[PDB]
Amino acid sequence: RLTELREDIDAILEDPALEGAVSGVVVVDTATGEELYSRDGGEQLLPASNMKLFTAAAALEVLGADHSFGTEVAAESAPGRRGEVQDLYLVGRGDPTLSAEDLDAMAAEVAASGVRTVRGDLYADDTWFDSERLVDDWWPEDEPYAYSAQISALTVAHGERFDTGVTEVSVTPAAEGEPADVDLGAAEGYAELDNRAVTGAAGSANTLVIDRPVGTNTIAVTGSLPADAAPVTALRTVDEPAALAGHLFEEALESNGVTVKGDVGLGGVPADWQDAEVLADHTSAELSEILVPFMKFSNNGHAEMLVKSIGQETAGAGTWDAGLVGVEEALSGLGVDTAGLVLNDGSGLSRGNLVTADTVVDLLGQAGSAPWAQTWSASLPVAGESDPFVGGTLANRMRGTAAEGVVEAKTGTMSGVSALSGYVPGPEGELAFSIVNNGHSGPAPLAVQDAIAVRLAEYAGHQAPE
């Protein structure tokens, strides 16, 4: 039955959608170590978001499953009878899940501690990581979009998915001829607005564009929204995520009865502060719980923050240079051969990343027999699962196939780069696989990837749910 499988994958790989593409495909039985299929497995390819597999495993080795993240509010000394402080500091230490609600709860704690007036300025301290916001080879044209958000120690995460360093723009039509209404979300009064957008006639064509022009903190809205059209919402990144957090914190303080008399800006807690008074703190959920929104939806910002958190633990440097070496060592310490790996970031957004399909499968084996294996696999998207927090990037794929509910795999997609890697659990044995496509021209060869993943589920002894 093993020859039948080899013939089937050979035929799937001759799909015309893979014209001019190099594709690494490796399948291994983890119970035996048997190499069921291998094609260009040593070839170096861009992984896209399959890079997160390496990042996640390294984070669980370096930081541990029980690891959580802190944010604190600091003043030089406690407030007195008059309840006055001078300068106040919001200090972030790499929480990727810090919501506006959490800023509110910290504002309430600052009020309940006796502070009524912040007489000086309020500062956002994100010096726990460096101020290098973006990886060198990331494309400037990508910068307005959530997956390309700037990386900071102090950032506000949006929604239940915890998209960091962004704001929600909402555009609403008005009457035909009148300007569209633009709602900047959290970045209201932080980011500049350039609204050139108009409301078009009922039934006219939607031509609405929402942009942040490179190197500015301005949201430029252009084009035309039809009068009868549904409101358009989009996540856009801001410049200096910590400063936005600072902005949102002032609003939180002012709403909890604390007057801020000064300005909002960046600044680290001064060195000459003898014994800083912690007026409020927040602790995140543990890394095992954080891994879910991170891996399920493939959060880029989370990955880069984790890398720099690795840099802090291994070296006390919230730095790409440190964290990426930290990732490499952690993988080596796990039993993974890192020869074919080139690490340029944690998210896989960098086109300077390189993996081989063998290395991915190697990692999947070593991860499978690790103490944190269950929190590891619980994070991976599950083929065909309706629940977005279970299905993830695989939620609307492989439904009604042998793979549905069974295959746990990480996706990866950019221009000319597509990947699918994970496990096929079968009664006799757990299968591990990697599929990495580079150079194809159409859209991601998802049909090809799904066909292989389904055939392997069938091989492992599964049938399609009906």
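In this text, residue numbers run from 1 along the sequence as written. Only the largest set of C-alpha atoms that superpose within 1.5 Å between the two forms is called the rigid core.
Please pick 30-38 or 427-435, whichever has its Cα atoms farther from the shown form in 8 other deposited structures of this protein after a rigid core fit. Evaluated in 8 other deposited structures of this protein, the stretch farther from the shown form is 427-435.
Of 31-39 and 60-68, the one with larger mean CA B-factor: Higher of the two, by average CA B-factor, is 31-39.
Which has higher Cα B-factors on average according to the PDB entry: 101-109 or 304-312? Averaging CA B-factors over each stretch, the winner is 101-109.
Specify which of 218, 155, 170, 86 carries the largest Cα B factor in the deposited PDB entry. Going by the entry's C-alpha B-factors, 86 comes out highest.
Say you rank 347, 259, 131, 224 by Cα B-factor from the PDB entry; which sits at the top? Most elevated C-alpha B-factor of the set, per the entry: 259.
Is residue 47 in the lowest, middle or highest third of its chain when residues are ranked by C-alpha B-factor? Ranked within chain, residue 47 CA B lands in the lowest tercile.
What third of its chain's C-alpha B-factors does residue 410 belong to: lowest, middle or highest? Lowest third - that is where residue 410 ends up once the chain's C-alpha B-factors are sorted.
Entry-reported Cα temperature factor of residue 240, expressed as the chain third it lands in: According to the entry, residue 240 has a C-alpha B-factor in the chain's lowest third.
Taking the chain's C-alpha temperature factors as the reference, tell me which third residue 189 falls into: lowest, middle or highest. As the PDB entry reports it, the C-alpha B-factor of residue 189 lands in the middle third of its chain.
Consider only the C-alpha atoms of the modelled residues in this chain, order them by B-factor as the entry records it, and name the third containing residue 282: lowest, middle or highest. CA B-factor rank for residue 282: middle third.
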